[PDB]
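Peer 1: work35.pdb is reproduced below (PDB, C-alpha atoms).
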```
ATOM      1  CA  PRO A  26       0.000   0.000   0.000
ATOM      2  CA  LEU A  27       1.372   3.298  -1.040
ATOM      3  CA  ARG A  28       0.534   4.842   2.349
ATOM      4  CA  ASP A  29       3.061   2.542   4.020
ATOM      5  CA  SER A  30       5.633   3.473   1.505
ATOM      6  CA  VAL A  31       5.351   7.160   2.176
ATOM      7  CA  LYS A  32       5.545   6.401   5.992
ATOM      8  CA  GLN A  33       8.820   4.483   5.539
ATOM      9  CA  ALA A  34      10.285   7.128   3.276
ATOM     10  CA  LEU A  35       9.460   9.672   5.972
ATOM     11  CA  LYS A  36      10.865   7.506   8.878
ATOM     12  CA  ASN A  37      14.185   7.352   6.990
ATOM     13  CA  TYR A  38      14.110  11.077   6.269
ATOM     14  CA  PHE A  39      13.483  12.088   9.941
ATOM     15  CA  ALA A  40      16.386   9.766  10.800
ATOM     16  CA  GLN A  41      18.675  12.223   8.793
ATOM     17  CA  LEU A  42      17.540  15.480  10.529
ATOM     18  CA  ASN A  43      20.044  16.375  13.391
ATOM     19  CA  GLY A  44      18.749  19.646  14.723
ATOM     20  CA  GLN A  45      18.440  20.563  10.944
ATOM     21  CA  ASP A  46      15.276  22.468  10.394
ATOM     22  CA  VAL A  47      12.854  21.469   7.732
ATOM     23  CA  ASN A  48      10.145  24.081   7.037
ATOM     24  CA  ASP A  49       8.986  22.901   3.628
ATOM     25  CA  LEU A  50       8.039  19.200   4.171
ATOM     26  CA  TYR A  51       4.513  19.443   2.599
ATOM     27  CA  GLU A  52       5.807  20.964  -0.750
ATOM     28  CA  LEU A  53       8.803  18.662  -0.689
ATOM     29  CA  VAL A  54       6.645  15.524  -0.522
ATOM     30  CA  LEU A  55       4.010  16.969  -2.812
ATOM     31  CA  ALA A  56       6.610  17.828  -5.484
ATOM     32  CA  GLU A  57       7.910  14.291  -5.496
ATOM     33  CA  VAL A  58       4.492  12.620  -5.711
ATOM     34  CA  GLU A  59       2.904  15.167  -8.174
ATOM     35  CA  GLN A  60       5.828  14.805 -10.644
ATOM     36  CA  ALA A  61       5.511  10.990 -10.570
ATOM     37  CA  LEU A  62       1.752  11.161 -11.033
ATOM     38  CA  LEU A  63       1.816  13.673 -13.901
ATOM     39  CA  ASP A  64       4.547  11.573 -15.521
ATOM     40  CA  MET A  65       2.555   8.381 -15.279
ATOM     41  CA  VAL A  66      -0.769   9.828 -16.469
ATOM     42  CA  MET A  67       0.857  11.694 -19.439
ATOM     43  CA  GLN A  68       2.543   8.475 -20.477
ATOM     44  CA  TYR A  69      -0.750   6.513 -20.260
ATOM     45  CA  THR A  70      -2.625   9.172 -22.151
ATOM     46  CA  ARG A  71       0.271   9.616 -24.642
ATOM     47  CA  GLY A  72       0.361  13.275 -23.750
ATOM     48  CA  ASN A  73      -3.254  14.101 -24.380
ATOM     49  CA  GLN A  74      -3.948  16.815 -21.767
ATOM     50  CA  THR A  75      -7.776  16.740 -21.853
ATOM     51  CA  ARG A  76      -7.721  12.986 -21.239
ATOM     52  CA  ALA A  77      -5.141  13.235 -18.474
ATOM     53  CA  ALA A  78      -7.065  16.007 -16.693
ATOM     54  CA  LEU A  79     -10.363  14.019 -16.908
ATOM     55  CA  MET A  80      -8.701  10.961 -15.476
ATOM     56  CA  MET A  81      -7.220  13.006 -12.623
ATOM     57  CA  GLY A  82     -10.369  14.933 -11.911
ATOM     58  CA  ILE A  83      -8.725  18.333 -12.306
ATOM     59  CA  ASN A  84      -9.207  21.253 -14.624
ATOM     60  CA  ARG A  85      -7.075  21.116 -17.892
ATOM     61  CA  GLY A  86      -5.891  24.580 -16.913
ATOM     62  CA  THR A  87      -4.786  23.221 -13.568
ATOM     63  CA  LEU A  88      -2.980  20.339 -15.217
ATOM     64  CA  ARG A  89      -1.023  22.693 -17.445
ATOM     65  CA  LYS A  90      -0.087  24.984 -14.454
ATOM     66  CA  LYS A  91       1.315  21.965 -12.662
ATOM     67  CA  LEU A  92       3.133  20.692 -15.811
ATOM     68  CA  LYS A  93       4.825  24.042 -16.050
ATOM     69  CA  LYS A  94       5.546  24.339 -12.259
ATOM     70  CA  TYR A  95       7.684  21.201 -12.578
ATOM     71  CA  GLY A  96       9.080  22.097 -16.057
ATOM     72  CA  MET A  97       7.217  19.220 -17.832
ATOM     73  CA  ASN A  98       5.702  21.693 -20.350
TER      74      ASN A  98
ATOM     75  CA  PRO B  26      13.036   6.813  -3.974
ATOM     76  CA  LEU B  27       9.514   7.562  -3.135
ATOM     77  CA  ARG B  28       8.558   8.591  -6.648
ATOM     78  CA  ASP B  29       9.309   5.078  -7.891
ATOM     79  CA  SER B  30       6.915   3.596  -5.376
ATOM     80  CA  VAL B  31       4.314   6.088  -6.637
ATOM     81  CA  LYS B  32       5.026   5.031 -10.214
ATOM     82  CA  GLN B  33       4.838   1.297  -9.436
ATOM     83  CA  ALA B  34       1.576   1.864  -7.565
ATOM     84  CA  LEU B  35       0.052   3.758 -10.538
ATOM     85  CA  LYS B  36       1.425   1.192 -13.029
ATOM     86  CA  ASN B  37      -0.397  -1.555 -11.089
ATOM     87  CA  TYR B  38      -3.557   0.534 -10.724
ATOM     88  CA  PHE B  39      -3.717   1.207 -14.560
ATOM     89  CA  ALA B  40      -3.158  -2.547 -15.166
ATOM     90  CA  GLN B  41      -6.454  -2.987 -13.225
ATOM     91  CA  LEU B  42      -8.187  -0.471 -15.529
ATOM     92  CA  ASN B  43      -9.601  -2.857 -18.146
ATOM     93  CA  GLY B  44     -12.361  -0.621 -19.760
ATOM     94  CA  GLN B  45     -13.301   1.063 -16.360
ATOM     95  CA  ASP B  46     -12.958   4.818 -16.265
ATOM     96  CA  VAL B  47     -11.165   6.788 -13.547
ATOM     97  CA  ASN B  48     -12.170  10.405 -12.834
ATOM     98  CA  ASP B  49     -10.563  11.263  -9.462
ATOM     99  CA  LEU B  50      -7.042   9.904  -9.596
ATOM    100  CA  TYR B  51      -5.429  13.119  -8.141
ATOM    101  CA  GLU B  52      -7.743  12.874  -5.069
ATOM    102  CA  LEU B  53      -6.972   9.214  -4.603
ATOM    103  CA  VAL B  54      -3.173   9.726  -4.495
ATOM    104  CA  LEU B  55      -3.257  12.895  -2.440
ATOM    105  CA  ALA B  56      -5.573  11.380   0.206
ATOM    106  CA  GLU B  57      -3.298   8.386   0.512
ATOM    107  CA  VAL B  58      -0.164  10.540   0.813
ATOM    108  CA  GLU B  59      -1.485  13.378   3.028
ATOM    109  CA  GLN B  60      -2.676  10.805   5.538
ATOM    110  CA  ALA B  61       0.686   9.105   5.836
ATOM    111  CA  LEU B  62       2.535  12.432   6.083
ATOM    112  CA  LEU B  63       0.120  13.932   8.761
ATOM    113  CA  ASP B  64       0.469  10.715  10.775
ATOM    114  CA  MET B  65       4.286  10.709  10.593
ATOM    115  CA  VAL B  66       4.659  14.452  11.311
ATOM    116  CA  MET B  67       2.281  14.372  14.386
ATOM    117  CA  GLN B  68       4.210  11.443  15.838
ATOM    118  CA  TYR B  69       7.531  13.271  15.240
ATOM    119  CA  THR B  70       6.313  16.456  16.876
ATOM    120  CA  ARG B  71       4.631  14.394  19.696
ATOM    121  CA  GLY B  72       1.184  15.870  18.869
ATOM    122  CA  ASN B  73       2.276  19.485  18.874
ATOM    123  CA  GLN B  74       0.315  21.126  16.055
ATOM    124  CA  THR B  75       2.374  24.396  15.869
ATOM    125  CA  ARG B  76       5.741  22.553  15.497
ATOM    126  CA  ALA B  77       4.126  20.242  12.912
ATOM    127  CA  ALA B  78       2.747  23.144  10.835
ATOM    128  CA  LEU B  79       6.138  24.920  10.926
ATOM    129  CA  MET B  80       7.971  21.779   9.756
ATOM    130  CA  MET B  81       5.481  21.333   6.992
ATOM    131  CA  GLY B  82       5.558  24.944   5.937
ATOM    132  CA  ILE B  83       1.795  25.341   6.311
ATOM    133  CA  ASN B  84      -0.129  27.434   8.841
ATOM    134  CA  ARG B  85      -1.930  25.883  11.828
ATOM    135  CA  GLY B  86      -5.490  26.066  10.468
ATOM    136  CA  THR B  87      -4.595  24.480   7.130
ATOM    137  CA  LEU B  88      -3.079  21.629   9.127
ATOM    138  CA  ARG B  89      -6.239  21.420  11.248
ATOM    139  CA  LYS B  90      -8.572  21.324   8.208
ATOM    140  CA  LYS B  91      -6.547  18.368   6.900
ATOM    141  CA  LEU B  92      -6.460  16.482  10.236
ATOM    142  CA  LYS B  93     -10.269  16.766  10.384
ATOM    143  CA  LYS B  94     -10.614  15.520   6.771
ATOM    144  CA  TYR B  95      -8.927  12.283   7.648
ATOM    145  CA  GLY B  96     -10.412  12.137  11.185
ATOM    146  CA  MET B  97      -7.260  12.950  13.139
ATOM    147  CA  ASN B  98      -8.524  15.704  15.480
TER     148      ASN B  98
END
```
Take the structure in the file and write it out as structure tokens.

Peer 2:
Amino acid sequence: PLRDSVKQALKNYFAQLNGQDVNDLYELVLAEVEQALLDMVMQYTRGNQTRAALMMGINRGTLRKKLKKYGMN
Amino acid sequence: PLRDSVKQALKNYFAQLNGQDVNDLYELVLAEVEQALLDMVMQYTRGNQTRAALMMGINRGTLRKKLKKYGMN
């Protein structure tokens, strides 16, 4: 289950903090997961953005903002 | 690397998609990830919501809205 995989990835990450602040953990995890998701849906859809946005349940405009945020368009 | 576990999880989910449509895939992945992250951060901060919001980079009420969504306060 994916949920157990992000818990383990986070256990190992907290094991590397030694008094090192982290003040961006939400965007850091979100950037990793959103890039993987956009990558996988665009590959399945062969780059069709309307199809990809319908499958994800987001606006095609939103899809393209995210594609550009991560430099994937 | 977490993003590979996300890709393997999506690769297996699309293999289950034989003619069935999907229309909420972003919500499915986010819900699964935000729950594992809110659980791991609250344990690390020993339940302190202000230290958890600062580590995450979000403000306290955003963090509270999300805890409620997943029944965690």

Peer 1: What is the distance between atom CA of residue 34 of chain A and atom CA of residue 27 of chain B, in Å to one decimal?

Peer 2: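 The value is 6.5 Å.
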
Peer 1: Run the PyMOL selection byres ((chain B) within 9 of (chain A)) mentally over the shown coordinates, then write out the matched residues as an MDAnalysis selection string, using the chain letters and numbers from the document.

Peer 2: chainID B and resid 26:32 34:36 39 46:55 57:62 64:66 69 78:83

Peer 1: I'd like the interatomic distance between atom CA of residue 71 of chain B and atom CA of residue 96 of chain B, to a tenth of an Å.

Peer 2: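 A separation of 17.4 Å between them.
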
Peer 1: Which distance in Å separates atom CA of residue 75 of chain B and atom CA of residue 92 of chain B, to one decimal?

Peer 2: 13.1 Å

Peer 1: Using only C-alpha atoms, what residues lie at most 12 Å away from (4.3, 22.2, -20.4) (file coordinates), given as a PyMOL selection string?

Peer 2: chain A and resi 63-64+67+72-74+85-98
